[PDB]
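Have a look at the structure below before the remarks.
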Amino acid sequence: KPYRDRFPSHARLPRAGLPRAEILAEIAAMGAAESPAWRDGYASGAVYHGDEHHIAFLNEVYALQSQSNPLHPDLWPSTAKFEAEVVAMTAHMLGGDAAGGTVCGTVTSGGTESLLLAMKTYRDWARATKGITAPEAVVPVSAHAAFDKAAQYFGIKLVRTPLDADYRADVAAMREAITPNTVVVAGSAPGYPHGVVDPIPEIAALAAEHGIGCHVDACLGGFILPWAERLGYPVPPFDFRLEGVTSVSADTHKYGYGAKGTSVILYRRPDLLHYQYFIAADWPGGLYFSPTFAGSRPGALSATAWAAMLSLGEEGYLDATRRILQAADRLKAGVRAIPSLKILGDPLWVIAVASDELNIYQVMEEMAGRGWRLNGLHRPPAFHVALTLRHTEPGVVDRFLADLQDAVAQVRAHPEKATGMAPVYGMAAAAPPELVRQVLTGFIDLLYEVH
Amino acid sequence: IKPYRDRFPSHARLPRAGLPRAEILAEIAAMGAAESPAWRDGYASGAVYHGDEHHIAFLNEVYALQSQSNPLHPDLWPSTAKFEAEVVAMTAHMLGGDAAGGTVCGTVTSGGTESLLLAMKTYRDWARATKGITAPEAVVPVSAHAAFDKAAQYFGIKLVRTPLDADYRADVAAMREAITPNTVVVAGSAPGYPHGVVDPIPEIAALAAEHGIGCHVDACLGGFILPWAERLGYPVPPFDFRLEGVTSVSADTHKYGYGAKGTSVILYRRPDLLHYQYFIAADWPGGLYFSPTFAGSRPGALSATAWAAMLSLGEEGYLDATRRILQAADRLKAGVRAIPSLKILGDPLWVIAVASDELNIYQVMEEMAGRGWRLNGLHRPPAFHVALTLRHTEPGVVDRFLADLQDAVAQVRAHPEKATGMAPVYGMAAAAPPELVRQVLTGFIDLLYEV
Ligand code: NA
C-alpha cells in the first residue's frame with residue numbers, strides 16, 4: 001500500500017463531488033510511478049506490447065466504443081461485427097479451415113473464462129449425449145490453475161497427470177487416467193510454468209480414440225506459435241489441423257496485443273458451441289440469452305482486440321514474434337552460459353530457470369533488488385520470465401543477463417542469505433496447502449483493506 | 001440485421017499487411033456517429049445510464065491513464081488495488097454496512113451477473129462446509145434475474161422460483177413453503193428488472209435468518225438509486241445491511257453508479273462468507289495462485305472508472321441524479337396512467353413496465369419503435385418496460401415519450417389486429433414452447449457471429 005501516505009483514502013463517498021481534474025491528477029501521478037517497471041522491460045509478462053503509439057491507438061478505440069454493451073446488438077451492431085471478426089480471424093489463424101469451415105466460437109473476458117467455458121461445455125455435452133453425470137477431466141500437472149477453478153465450479157473431477165523429463169505431459173499417464181466418466185483431456189501450447197508445448201498430436205489422438213473432447217490451452221501461444229512455425233522454429237501442429245482437437249483457447253489480450261479483458265474460445269463444430277450458450281425462455285423479463293458468463297460486457301474491449309489484430313496483420317504478428325524469439329534465443333544462451341543455473345525443458349520464449357546448487361528464490365530476490373519482477377514457481381522451485389515486446393527493446397536482454405550473473409555470484413558468495421520475498425516463496429513451497437489457503441486468504445483481505 | 005455488410009469490408013482472415021491505424025479509427029468513428037444518437041437522445045431503455053459527454057470524456061481519460069492495469073498483479077498496479085478496495089468500502093457504507101458492525105466486505109466484479117453467480121457459488125460452498133448440504137437449493141421469486149438460472153445450472157444448485165402477489169412483489173408465504181433442509185439461500189430484488197418493484201426484503205431477510213440460511217439482495221439495478229430515493233423522501237423499505245438477515249448484496253457501479261461498463265460490486269455481511277468466494281491454488285507448478293473472483297487477468301482500467309465516477313459524483317451527485325430520474329419517472333408514470341387502455345404493473349419508482357388488457361401491447365411497443373424508441377419487451381405477462389436513466393431527464397425527452405405513446409395507442413386502437421415488425425416475434429415467443437425458443441435463439445446467436 002505505497003499511497004497510504006501520499007493520497008487521501010476513501011472509505012465513504014465524499015459529501016460533495018470531487019473535481020474531475022483532481023481525480024485525474026492522482027491517477028496520472030500513480031501512472032508515472034507505476035509505468036516505468038513494465039515500460040522499461042522489468043516485468044515478466046504483464047504487459048505484452050507496451051508501445052506508446054500502439055497504446056494511444058487502443059485508448060482511442062476504447063474512447064470511440066466506450067458506451068458499447070454487446071448485450072444489446074441492436075444498439076451496437078459495430079461491436080457484434082468486431083466480435084464475429086475477431087473469432088473468424090483467430091479461427092483461421094488456428095487451422096480452422098482444416099476442420100472444413102465448421103470452427104466457431106466466442107469472444108470472452110480472458111483465458112480463464114475461455115477455459116471455464118470449455119470445461120462447462122464438455123460437461124454439459126457429455127451429460128446430454130453420453131449420459132455422464134459424474135464428469136472427469138484429465139490434464140497434466142502443468143495445465144493452468146484455472147482448470148481446478150473449472151473443476152470446483154462445475155463439479156468436474158480433475159485428474160492431474162505427471163510430466164516427463166522434458167516437462168511435457170506424459171501421455172501414457174494420461175491414457176491410464178481415462179475412465180468411462182472422462183469428458184475431456186487437455187494439453188497446453190505452451191503451459192505457463194515452463195513455456196513448453198505438450199505433445200498435442202498424441203493427446204488429440206488419445207482423445208479421439210476414446211470419443212472424448214480435446215482442449216488445447218493456447219491462451220499463451222495462440223498468437224505466437226503459428227508465426228514461430230512460419231519463421232522456421234520447431235513447432236508441431238497444436239490446433240484444429242489435428243483431427244482430434246475439439247476446442248482451442250487463445251488470448252487476444254496476451255500476444256494478440258489487444259487491451260486487457262478479451263480472449264477467444266473456439267470449438268470444432270457448432271453442436272459443441274451450442275452447449276455454451278445460456279438461454280432463458282420463461283423469465284418475466286422477456287427473452288434473455290448470453291453466449292458467455294457475463295450479461296452486460298465492456299464492448300469497447302472487443303473493439304480493441306479487433307483493432308489490434310487488423311493493425312498488425314500477418315506481417316505484424318510475424319515481426320513481433322520474430323523479435324520475441326530472437327530475444328528469447330539470446331536470453332536462453334546467456335542463462336545456459338551462467339554456472340549453477342539450468343532451464344526447465346526446451347521452451348521457445350517463456351523461460352523457467354532453476355538451480356540444483358543454489359537457492360533459486362534468493363537469485364530471484366537479487367534480481368528483484370535490481371528492479372526485475374519475475375514469477376516465482378514451485379514444484380520445482382524456479383523463477384520464470386515470459387518475454388514480451390518490452391524485452392525486445394535495445395539493451396533489455398543484456399541487462400537481464402548481467403543482473404542474473406551478478407545475482408548468481410552474490411548467492412554463491414552467501415548461499416544461506418535469504419531476504420525479502422525469498423523466505424516467503426521458500427515457506428510457501430514447504431507449507432501444507434490448507435495453511436497456504438489460510439494465509440493467502442488473509443493476503444487477499446489485506447489488498448481490500450481501506451485505512 | 002447487419003447494417004455494415006455493404007458499407008465496410010468484412011474480415012474473415014487476418015490482413016496480410018497491417019491496416020493503417022487511422023483508417024481503422026475512421027471506421028469505428030463512423031459507426032459511433034451512426035449508433036450514438038439512439039442512446040444520446042434518450043431513445044433507449046436502460047443501456048446507457050449517464051451518457052453525458054463531459055462525464056464520458058472524463059472516464060475515457062481515466063481508462064487511458066490506467067489502460068495497462070491488470071489487478072492480477074497488485075505489485076505492478078497498487079493504484080488499481082486501492083481503487084477496488086475503495087469502491088468496495090464506499091459502496092458497503094452506502095448500503096448500510098456500518099450497521100453490520102464494520103464486518104461488511106466484498107469485491108469488485110465484472111458485472112451484475114458475475115456478482116450474482118459469485119454469491120450463489122459462495123452460499124453453495126459455505127453450506128457444504130458448514131451445514132453438510134450436498135444437494136443445495138435456492139429459493140427466489142419468479143421475477144428474480146435470469147442470472148439465477150445461470151448460477152443454478154453452472155454450480156449444480158436446484159433453483160426454486162416462487163410466485164408474485166398482485167402487486168408483482170415476491171409472495172413470502174410461498175417462499176417459506178419452498179424452503180427445505182437443503183435450501184442454502186433465499187433472494188429478493190431491489191428492484192427486480194422486469195417491473196421495477198422492490199421485493200419485501202425485511203420479510204425475506206427475517207425468513208432467511210429464522211432458517212439459518214443466506215439472504216441475497218439483488219440491488220444490481222437499485223443499489224445506486226434506492227439509498228438516495230430514500231433520502232429524498234420516496235417510499236423505499238430497508239433493503240440492505242440494516243436488516244440483520246441480509247448476508248449479501250450486489251450493486252452495479254456500471255449501472256446507476258455511472259462507471260464504465262464492466263464493473264459491479266458483491267458485498268457480504270462478514271469475512272467468513274466472503275472467504276468462500278476466493279479461489280486459491282497451492283500445488284500448481286506455476287506457483288502460488290489466487291483469484292478473488294471468476295477472472296484471472298482483468299481490465300483494471302474499468303475499476304478505475306468506477307472509483308473515479310463515484311468520487312466525481314459524491315453523495316450530492318447521486319442525490320441530484322436520482323432526484324432528476326425520479327421526477328422524470330413521476331411525470332412519465334402519470335402520463336401513462338392518463339392513457340385509457342394502459343396500466344403499469346405494480347408500483348415502481350423508475351423502471352416502468354406497461355401493459356394493456358384491451359390492446360396488443362406488443363404492437364403498441366412496435367409503434368414506439370417506429371418512432372425511434374428502443375424498449376424492452378416482456379412476457380409473463382406481455383408488456384414492455386422503460387428503465388429511465390439520466391438520458392431521459394434531458395429537456396423534452398419524457399414529453400416525446402408520452403406524445404409518441406399516445407399516438408401509438410391511438411393507432412393500435414384504430415387497428416387492433418395490426419401486428420408488424422417485431423410485434424409478431426414477441427407474440428410468438430410468448431406462446432412458444434421453451435425448447436423451441438431455445439433452438440431459435442441458438443440460431444440467432446449463431447447469426448450474430450456470422451462473417
Ligand atoms: Na547454465
Side-chain angles (χ1 to χ4, degrees), chain A residues 41-45 141-142 162-169 188 190-198 220-221 224 228 232-235 323-388 390-423 425-426 428-429, chain B residues 285-287:
Chain A
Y42 287 103
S44 169
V141 283
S142 58
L163 307 180
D164 67 18
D166 300 334
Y167 294 85
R168 309 204 302 151
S188 305
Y192 287 52
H194 311 135
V196 309
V197 174
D198 283 326
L220 196 56
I224 290 285
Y233 288 78
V235 10
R323 291 166 59 193
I324 287 161
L325 294 173
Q326 286 184 2
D329 287 338
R330 187 185 185 89
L331 192 144
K332 289 180 288 169
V335 172
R336 297 184 198 293
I338 298 170
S340 306
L341 301 184
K342 58 180 185 179
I343 292 168
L344 303 179
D346 190 19
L348 281 165
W349 80 99
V350 175
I351 319 294
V353 358
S355 177
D356 286 334
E357 305 87 12
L358 304 170
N359 182 355
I360 194 69
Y361 295 134
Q362 183 65 28
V363 172
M364 175 185 176
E365 174 68 22
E366 292 297 328
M367 296 290 281
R370 307 283 264 265
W372 298 93
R373 322 285 178 99
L374 310 170
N375 189 354
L377 304 179
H378 56 216
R379 290 176 40 115
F383 69 82
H384 93 199
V385 192
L387 304 163
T388 71
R390 292 290 90 199
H391 309 112
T392 65
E393 292 300 299
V396 180
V397 167
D398 294 332
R399 185 182 71 220
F400 179 87
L401 296 171
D403 284 351
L404 221 212
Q405 294 159 12
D406 289 351
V408 167
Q410 168 72 18
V411 177
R412 193 193 308 293
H414 311 92
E416 231 88 65
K417 180 191 189 192
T419 57
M421 213 56 194
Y425 286 112

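Chain A is the first sequence line, chain B the second, and so forth, proteins listed ahead of strands; every chain is numbered from 1. Indexing begins at 1, ligand by ligand and atom by atom, following the structure's order.
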For this session: Evaluate the criterion side chain to side chain contact (heavy atoms under 4.5 Å, CB included) for residue pair A/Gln362 and A/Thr419; output intermediate values, then yes/no.
Result: CA-CA 7 Å; A/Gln362 183 65 28; A/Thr419 57; 3.1 Å; yes
Seminar exercise, completed: Excluding water, the protein N, O or S atoms sitting under 3.0 Å from the Na ion (ligand 1) are A/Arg336 O, A/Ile338 O, A/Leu341 O
For this session: With sequence neighbours excluded, tell me which residues meet ring-ring contact (aromatic ring centres under 6.0 Å, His included) with A/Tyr192.
Result: A/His144
Exercise. Which pairs pass ring-ring contact (aromatic ring centres under 6.0 Å, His included) with one or both residues in residues 329-364 of chain A, sequence neighbours excluded?
Worked result: A/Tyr255-A/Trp349, A/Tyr361-A/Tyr425
For this session: List for me each residue that meets side chain to side chain contact (heavy atoms under 4.5 Å, CB included) alongside A/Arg373, sequence neighbours excluded, and say none if there are none.
Result: A/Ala37, B/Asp75, B/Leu76
For this session: Check whether any side-chain N or O of A/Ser355 sits under 3.5 Å from a backbone N or O of A/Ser340 as a donor-acceptor pair, and report yes or no.
Result: yes
Exercise. Between A/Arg412 and A/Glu357, is the closest basic N to carboxylate O distance under 4.0 Å?
Worked result: no
